[PDB]
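Enquirer: Data: data.pdb, PDB, C-alpha atoms and all ligand atoms.
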```pdb
ATOM      1  CA  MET A   1     -12.987 -20.317  -5.336
ATOM      2  CA  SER A   2     -14.116 -17.197  -3.549
ATOM      3  CA  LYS A   3     -17.033 -14.952  -4.385
ATOM      4  CA  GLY A   4     -14.506 -12.116  -4.278
ATOM      5  CA  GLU A   5     -12.267 -13.426  -7.074
ATOM      6  CA  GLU A   6     -14.967 -12.683  -9.668
ATOM      7  CA  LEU A   7     -15.145  -8.997  -8.701
ATOM      8  CA  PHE A   8     -11.649  -8.508 -10.204
ATOM      9  CA  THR A   9     -11.730 -10.133 -13.662
ATOM     10  CA  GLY A  10     -12.065  -6.732 -15.362
ATOM     11  CA  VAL A  11     -10.845  -3.153 -14.954
ATOM     12  CA  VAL A  12     -11.938  -1.829 -11.553
ATOM     13  CA  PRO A  13     -12.113   1.883 -10.647
ATOM     14  CA  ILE A  14     -10.197   2.780  -7.482
ATOM     15  CA  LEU A  15     -10.589   5.597  -4.948
ATOM     16  CA  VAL A  16      -8.051   6.378  -2.203
ATOM     17  CA  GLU A  17      -8.658   8.815   0.686
ATOM     18  CA  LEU A  18      -6.012   9.503   3.345
ATOM     19  CA  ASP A  19      -5.916  11.834   6.327
ATOM     20  CA  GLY A  20      -2.493  12.158   7.920
ATOM     21  CA  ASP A  21      -0.778  13.720  10.932
ATOM     22  CA  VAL A  22       3.046  13.500  10.989
ATOM     23  CA  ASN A  23       4.675  15.360  13.917
ATOM     24  CA  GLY A  24       1.634  17.620  14.088
ATOM     25  CA  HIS A  25       1.636  18.376  10.340
ATOM     26  CA  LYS A  26      -1.900  17.550   9.172
ATOM     27  CA  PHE A  27      -2.595  16.705   5.534
ATOM     28  CA  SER A  28      -5.049  14.929   3.260
ATOM     29  CA  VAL A  29      -4.565  13.073  -0.017
ATOM     30  CA  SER A  30      -7.162  12.033  -2.615
ATOM     31  CA  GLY A  31      -6.342   9.407  -5.236
ATOM     32  CA  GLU A  32      -8.087   8.066  -8.335
ATOM     33  CA  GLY A  33      -7.175   5.402 -10.860
ATOM     34  CA  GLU A  34      -7.882   1.842 -11.866
ATOM     35  CA  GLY A  35      -6.712  -1.697 -11.218
ATOM     36  CA  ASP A  36      -6.592  -4.767 -13.471
ATOM     37  CA  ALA A  37      -5.738  -7.816 -11.350
ATOM     38  CA  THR A  38      -5.516 -10.006 -14.479
ATOM     39  CA  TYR A  39      -2.188  -8.224 -15.096
ATOM     40  CA  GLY A  40      -1.420  -7.184 -11.489
ATOM     41  CA  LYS A  41      -1.605  -3.613 -12.771
ATOM     42  CA  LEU A  42      -2.377  -0.387 -10.861
ATOM     43  CA  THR A  43      -2.493   3.128 -12.353
ATOM     44  CA  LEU A  44      -3.197   5.920  -9.875
ATOM     45  CA  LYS A  45      -2.924   9.679  -9.410
ATOM     46  CA  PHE A  46      -2.689  11.167  -5.907
ATOM     47  CA  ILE A  47      -3.206  14.840  -5.070
ATOM     48  CA  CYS A  48      -2.527  16.515  -1.741
ATOM     49  CA  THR A  49      -5.722  18.459  -1.126
ATOM     50  CA  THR A  50      -4.480  20.542   1.819
ATOM     51  CA  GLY A  51      -1.552  22.135   0.004
ATOM     52  CA  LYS A  52       2.068  20.955   0.119
ATOM     53  CA  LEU A  53       2.638  17.388   1.264
ATOM     54  CA  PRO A  54       4.770  17.580   4.445
ATOM     55  CA  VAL A  55       6.533  14.235   3.858
ATOM     56  CA  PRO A  56       8.140  12.818   0.698
ATOM     57  CA  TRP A  57       5.677  11.160  -1.693
ATOM     58  CA  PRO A  58       7.690   7.873  -1.825
ATOM     59  CA  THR A  59       7.136   7.389   1.931
ATOM     60  CA  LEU A  60       3.384   7.031   1.273
ATOM     61  CA  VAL A  61       3.425   4.602  -1.686
ATOM     62  CA  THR A  62       2.894   1.464   0.401
ATOM     63  CA  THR A  63       0.097   3.141   2.348
ATOM     64  CA  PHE A  64      -1.835   4.276  -0.745
ATOM     65  CA  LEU A  65      -4.203  -2.150  -2.913
ATOM     66  CA  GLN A  66      -2.977  -5.722  -2.729
ATOM     67  CA  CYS A  67      -6.353  -7.138  -3.810
ATOM     68  CA  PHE A  68      -5.098  -6.167  -7.302
ATOM     69  CA  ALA A  69      -2.149  -8.558  -7.175
ATOM     70  CA  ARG A  70      -2.039 -11.080  -9.981
ATOM     71  CA  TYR A  71      -2.166 -14.489  -8.326
ATOM     72  CA  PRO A  72      -1.141 -17.258 -10.761
ATOM     73  CA  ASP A  73      -3.915 -19.772 -11.319
ATOM     74  CA  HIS A  74      -2.098 -22.455  -9.312
ATOM     75  CA  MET A  75      -1.909 -20.007  -6.382
ATOM     76  CA  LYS A  76      -5.469 -18.639  -6.447
ATOM     77  CA  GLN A  77      -6.420 -20.597  -3.289
ATOM     78  CA  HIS A  78      -3.918 -18.366  -1.417
ATOM     79  CA  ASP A  79      -5.489 -14.976  -2.322
ATOM     80  CA  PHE A  80      -6.683 -13.651   1.032
ATOM     81  CA  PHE A  81      -7.230 -10.153  -0.345
ATOM     82  CA  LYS A  82      -9.860 -10.896  -2.965
ATOM     83  CA  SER A  83     -11.577 -13.489  -0.751
ATOM     84  CA  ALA A  84     -12.616 -10.776   1.729
ATOM     85  CA  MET A  85     -14.432  -8.801  -1.003
ATOM     86  CA  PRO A  86     -16.850  -7.110  -1.368
ATOM     87  CA  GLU A  87     -17.179  -6.599   2.403
ATOM     88  CA  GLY A  88     -13.446  -5.910   2.593
ATOM     89  CA  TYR A  89     -10.541  -6.006   5.007
ATOM     90  CA  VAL A  90      -8.804  -3.764   7.506
ATOM     91  CA  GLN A  91      -5.109  -3.228   6.730
ATOM     92  CA  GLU A  92      -2.963  -2.010   9.632
ATOM     93  CA  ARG A  93       0.730  -1.123   9.582
ATOM     94  CA  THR A  94       3.571   0.156  11.656
ATOM     95  CA  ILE A  95       6.336   1.497   9.409
ATOM     96  CA  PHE A  96       9.662   2.088  11.163
ATOM     97  CA  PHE A  97      12.007   4.470   9.372
ATOM     98  CA  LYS A  98      15.509   3.494  10.460
ATOM     99  CA  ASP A  99      17.134   6.181  12.619
ATOM    100  CA  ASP A 100      13.920   8.227  12.381
ATOM    101  CA  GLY A 101      10.199   8.234  13.191
ATOM    102  CA  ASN A 102       7.379   5.830  12.427
ATOM    103  CA  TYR A 103       4.019   5.744  10.649
ATOM    104  CA  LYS A 104       1.053   3.908  12.110
ATOM    105  CA  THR A 105      -1.745   3.337   9.604
ATOM    106  CA  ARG A 106      -5.221   1.839   9.593
ATOM    107  CA  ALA A 107      -6.996   1.325   6.276
ATOM    108  CA  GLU A 108     -10.399  -0.021   5.304
ATOM    109  CA  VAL A 109     -10.446  -1.483   1.789
ATOM    110  CA  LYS A 110     -13.795  -2.543   0.349
ATOM    111  CA  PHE A 111     -16.193  -2.043  -2.512
ATOM    112  CA  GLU A 112     -18.511   0.922  -2.609
ATOM    113  CA  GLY A 113     -20.782  -0.233  -5.385
ATOM    114  CA  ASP A 114     -18.480  -1.013  -8.303
ATOM    115  CA  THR A 115     -15.608   1.119  -6.981
ATOM    116  CA  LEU A 116     -12.778  -0.289  -4.880
ATOM    117  CA  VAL A 117     -12.116   2.162  -2.055
ATOM    118  CA  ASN A 118      -9.060   2.494   0.199
ATOM    119  CA  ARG A 119      -9.745   4.752   3.207
ATOM    120  CA  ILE A 120      -6.713   5.488   5.393
ATOM    121  CA  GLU A 121      -5.792   7.191   8.656
ATOM    122  CA  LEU A 122      -2.056   7.786   9.170
ATOM    123  CA  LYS A 123      -0.186   8.893  12.305
ATOM    124  CA  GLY A 124       3.554   9.672  12.278
ATOM    125  CA  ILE A 125       5.585  10.443  15.400
ATOM    126  CA  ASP A 126       9.201  10.865  16.544
ATOM    127  CA  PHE A 127      10.458  12.166  13.201
ATOM    128  CA  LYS A 128      13.642  14.235  13.059
ATOM    129  CA  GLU A 129      13.369  17.827  11.878
ATOM    130  CA  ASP A 130      16.430  17.422   9.626
ATOM    131  CA  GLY A 131      15.943  13.714   9.015
ATOM    132  CA  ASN A 132      15.375  12.292   5.568
ATOM    133  CA  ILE A 133      11.573  12.465   5.896
ATOM    134  CA  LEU A 134      10.779  15.910   7.323
ATOM    135  CA  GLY A 135      13.927  17.242   5.625
ATOM    136  CA  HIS A 136      12.685  15.966   2.250
ATOM    137  CA  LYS A 137      15.919  14.178   1.358
ATOM    138  CA  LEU A 138      14.444  11.150  -0.460
ATOM    139  CA  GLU A 139      14.661  10.754  -4.223
ATOM    140  CA  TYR A 140      11.448  10.698  -6.261
ATOM    141  CA  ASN A 141      11.869   7.088  -7.390
ATOM    142  CA  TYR A 142      11.017   3.587  -6.183
ATOM    143  CA  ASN A 143      12.650   0.178  -5.874
ATOM    144  CA  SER A 144      11.172  -3.296  -6.361
ATOM    145  CA  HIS A 145      10.453  -5.392  -3.277
ATOM    146  CA  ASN A 146       9.116  -8.716  -2.029
ATOM    147  CA  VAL A 147       6.338  -8.608   0.563
ATOM    148  CA  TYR A 148       6.107 -11.749   2.681
ATOM    149  CA  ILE A 149       2.683 -13.120   3.565
ATOM    150  CA  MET A 150       1.772 -15.538   6.359
ATOM    151  CA  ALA A 151      -1.613 -16.707   7.576
ATOM    152  CA  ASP A 152      -2.758 -15.542  11.012
ATOM    153  CA  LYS A 153      -5.191 -18.368  11.694
ATOM    154  CA  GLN A 154      -6.347 -17.265  15.157
ATOM    155  CA  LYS A 155      -7.403 -13.884  13.703
ATOM    156  CA  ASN A 156      -8.876 -15.144  10.396
ATOM    157  CA  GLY A 157      -6.420 -12.865   8.540
ATOM    158  CA  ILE A 158      -2.782 -12.546   7.495
ATOM    159  CA  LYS A 159       0.526 -11.140   8.736
ATOM    160  CA  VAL A 160       2.804  -9.366   6.271
ATOM    161  CA  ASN A 161       6.361  -8.065   6.637
ATOM    162  CA  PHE A 162       8.847  -6.438   4.276
ATOM    163  CA  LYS A 163      11.557  -3.770   4.121
ATOM    164  CA  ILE A 164      11.276  -0.828   1.733
ATOM    165  CA  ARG A 165      14.514   0.799   0.573
ATOM    166  CA  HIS A 166      14.053   4.542  -0.096
ATOM    167  CA  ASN A 167      16.878   6.136  -2.095
ATOM    168  CA  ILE A 168      18.406   9.199  -0.385
ATOM    169  CA  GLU A 169      19.646  12.171  -2.441
ATOM    170  CA  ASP A 170      23.207  11.678  -1.173
ATOM    171  CA  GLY A 171      23.204   8.159  -2.692
ATOM    172  CA  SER A 172      22.465   6.311   0.571
ATOM    173  CA  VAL A 173      19.371   4.299   1.583
ATOM    174  CA  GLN A 174      16.588   5.004   4.096
ATOM    175  CA  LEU A 175      15.169   1.682   5.302
ATOM    176  CA  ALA A 176      11.462   1.485   6.170
ATOM    177  CA  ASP A 177      10.543  -1.736   7.969
ATOM    178  CA  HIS A 178       6.879  -2.646   7.437
ATOM    179  CA  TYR A 179       4.854  -4.747   9.859
ATOM    180  CA  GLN A 180       1.376  -5.393   8.518
ATOM    181  CA  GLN A 181      -1.838  -7.156   9.531
ATOM    182  CA  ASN A 182      -5.032  -7.679   7.514
ATOM    183  CA  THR A 183      -8.334  -8.992   8.891
ATOM    184  CA  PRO A 184     -11.704  -9.319   7.132
ATOM    185  CA  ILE A 185     -14.418  -6.794   7.885
ATOM    186  CA  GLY A 186     -17.372  -9.153   7.493
ATOM    187  CA  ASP A 187     -18.114 -12.546   9.005
ATOM    188  CA  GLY A 188     -17.859 -14.789   5.945
ATOM    189  CA  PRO A 189     -15.024 -17.196   5.243
ATOM    190  CA  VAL A 190     -11.752 -16.039   3.726
ATOM    191  CA  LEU A 191      -8.833 -17.831   2.104
ATOM    192  CA  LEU A 192      -5.972 -18.297   4.566
ATOM    193  CA  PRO A 193      -2.757 -18.620   2.545
ATOM    194  CA  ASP A 194       0.266 -20.768   2.759
ATOM    195  CA  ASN A 195       3.506 -18.795   3.053
ATOM    196  CA  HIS A 196       4.302 -16.812  -0.092
ATOM    197  CA  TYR A 197       5.263 -13.354  -1.273
ATOM    198  CA  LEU A 198       4.220 -10.590  -3.644
ATOM    199  CA  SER A 199       6.831  -9.236  -6.053
ATOM    200  CA  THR A 200       6.301  -5.509  -6.546
ATOM    201  CA  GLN A 201       7.525  -2.957  -9.075
ATOM    202  CA  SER A 202       6.587   0.708  -9.019
ATOM    203  CA  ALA A 203       7.296   3.789 -11.135
ATOM    204  CA  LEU A 204       6.647   7.331  -9.894
ATOM    205  CA  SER A 205       6.059  10.208 -12.313
ATOM    206  CA  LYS A 206       4.449  13.650 -12.564
ATOM    207  CA  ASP A 207       1.544  15.034 -14.575
ATOM    208  CA  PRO A 208       3.037  17.922 -16.604
ATOM    209  CA  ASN A 209      -0.191  19.973 -16.403
ATOM    210  CA  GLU A 210      -0.812  19.504 -12.669
ATOM    211  CA  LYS A 211       0.238  22.391 -10.432
ATOM    212  CA  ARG A 212      -0.952  20.825  -7.177
ATOM    213  CA  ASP A 213       1.359  18.641  -5.101
ATOM    214  CA  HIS A 214       0.782  15.181  -6.598
ATOM    215  CA  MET A 215       2.129  11.737  -7.540
ATOM    216  CA  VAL A 216       1.407   9.455 -10.504
ATOM    217  CA  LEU A 217       1.961   5.786  -9.677
ATOM    218  CA  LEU A 218       2.267   2.762 -11.960
ATOM    219  CA  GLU A 219       2.548  -0.541 -10.103
ATOM    220  CA  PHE A 220       2.749  -4.225 -10.926
ATOM    221  CA  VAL A 221       2.056  -6.766  -8.165
ATOM    222  CA  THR A 222       2.531 -10.521  -8.724
ATOM    223  CA  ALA A 223       2.160 -13.345  -6.217
ATOM    224  CA  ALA A 224       4.949 -15.913  -6.209
ATOM    225  CA  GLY A 225       6.831 -18.335  -3.982
ATOM    226  CA  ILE A 226       4.631 -21.434  -4.434
ATOM    227  CA  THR A 227       5.447 -23.879  -7.241
TER     228      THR A 227
HETATM  229 CA    CA B   1      15.756  17.718  -1.069
HETATM  230 CA    CA B   2      -2.096 -25.614   3.060
END
```
Translate the structure described by the file into structure tokens.
Ligand SMILES: [Ca+2]
Ligand SMILES: [Ca+2]
Expert:
Amino acid sequence: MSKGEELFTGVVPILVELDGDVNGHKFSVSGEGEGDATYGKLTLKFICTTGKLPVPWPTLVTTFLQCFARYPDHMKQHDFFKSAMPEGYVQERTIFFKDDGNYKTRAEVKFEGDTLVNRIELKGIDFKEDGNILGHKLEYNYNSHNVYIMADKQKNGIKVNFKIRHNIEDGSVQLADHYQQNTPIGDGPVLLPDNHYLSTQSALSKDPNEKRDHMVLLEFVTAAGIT
């Protein structure tokens, strides 16, 4: 019921490009993989191209593709993300790390030909030198979360909020509160959803032959909350 829905019935190649500055530490990440929205499935490999990543890889997972969520057929009228394609959407976030600094991000997600592209600028400030982020105290793992979606009708987009729980090496938890807004790039109509959420599961791993600083990500994203 959108033109965009049909762009995602098969396997779609994905590119991710991020430039970051966290407390003056500048870095870039390039990612490649593919997405199969029929199964809510994402498989991606990220590589830090400027050397060693200066923050923990788990802190960047949410920044590095919600147009690949599997929306059940009865919920397809609530898929804002695909409806903005191919022209795309801007995805903006503030991520507040409890007792620590914050990330501000701006992403443009759209098709470049047949390839779905996520281009990101990230700015992190007020981080603690011996905090869990700059001190690299977060485990290389990931929890499952619900991301809550609301229409923003006076902006023709959506508002999204959720809390990520990052495991800390001492057994504790680093909360990362996400405030998110998405707005279409083009001028065409989009689908404005009723309230609902995306259930997310993610698995981080390493490529045994890769010597560069990297992250392999397997994700499943499923819309829910409307019956
Ligand atoms: Ca450590
Ligand atoms: Ca309605």
Enquirer: Output as CSV one row per residue of region 53-74 of chain A within 9 Å of region 79-98 of chain A: the closest atom pair and its distance in Å to one decimal place, counting only C-alpha atoms, sorted by chain and residue number ascending.
Expert:
```
residue,atom,partner,partner_atom,distance
A:63,CA,A:93,CA,8.4
A:65,CA,A:81,CA,8.9
A:66,CA,A:81,CA,6.6
A:67,CA,A:81,CA,4.7
A:68,CA,A:82,CA,8.0
A:69,CA,A:81,CA,8.7
A:71,CA,A:79,CA,6.9
```
Enquirer: How would you write, as a ChimeraX atom specification, the set of residues no farther than 12 Å from ligand CA 2 (chain B) when counting all atoms listed in the file?
Expert: /A:75,77-78,150-151,153,191-196,226
Enquirer: For the file shown, report as number ranges by chain the outcome of the PyMOL selection byres (((not hetatm)) within 9 of (chain B and resi 1)) at residue level.
Expert: A: 132, 135-139, 168-169
Enquirer: Spell out the residues picked by the PyMOL selection byres (((chain A and resi 45-52) around 12) and not hetatm) here, as number ranges by chain.
Expert: A: 14-21, 25-34, 42-44, 53-58, 60-61, 63-64, 136, 203-207, 210-219
Enquirer: Give me the box for region 26-45 of chain A as AutoDock Vina command-line options, namely the centre and edge lengths in Å to one decimal of a box along x, y and z that holds every listed atom plus 5 Å on each side.
Expert:
```
--center_x -4.8 --center_y 3.8 --center_z -3.0 --size_x 16.7 --size_y 37.6 --size_z 34.3
```
Enquirer: Calculated over only C-alpha atoms, which of the candidates A:224, A:22, A:7, A:134 has the smallest distance to residue 114 (chain A)?
Expert: A:7
Enquirer: Apply the PyMOL selection byres (((chain A and resi 105) around 7) and not hetatm) to the structure shown and report the selected residues as a compact mmCIF listing (two decimals) with C-alpha atoms, in the frame of the given file.
Expert:
```txt
# COMPACT_ATOMS: atom_id res chain seq x y z
CA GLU A 92 -2.96 -2.01 9.63
CA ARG A 93 0.73 -1.12 9.58
CA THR A 94 3.57 0.16 11.66
CA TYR A 103 4.02 5.74 10.65
CA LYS A 104 1.05 3.91 12.11
CA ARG A 106 -5.22 1.84 9.59
CA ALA A 107 -7.00 1.32 6.28
CA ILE A 120 -6.71 5.49 5.39
CA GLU A 121 -5.79 7.19 8.66
CA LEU A 122 -2.06 7.79 9.17
CA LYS A 123 -0.19 8.89 12.30
```
Enquirer: Counting all atoms listed in the file, which of A:100, A:189, A:157, A:10 gets nearest to residue 131 (chain A)?
Expert: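 Ranking A:100, A:189, A:157, A:10 by distance to residue 131 (chain A), first place goes to A:100.
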Enquirer: Name the residues within 8 Å of (9.2, -14.8, -2.6), counting all atoms listed in the file in the file's coordinates, and put them as a ChimeraX atom specification.
Expert: /A:146-148,196-199,224-225
Enquirer: Find the spatial neighbours of residue 40 (chain A), counting all atoms listed in the file, within a cut-off of 7 Å - ignore same-chain residues fewer than 4 positions away - and output them as number ranges by chain.
Expert: A: 36, 68-70, 220-222
Enquirer: So how many Å separate CA of residue 3 (chain A) and CA of residue 152 (chain A), to one decimal?
Expert: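 We find that CA of residue 3 (chain A) and CA of residue 152 (chain A) lie 21.0 Å from each other.
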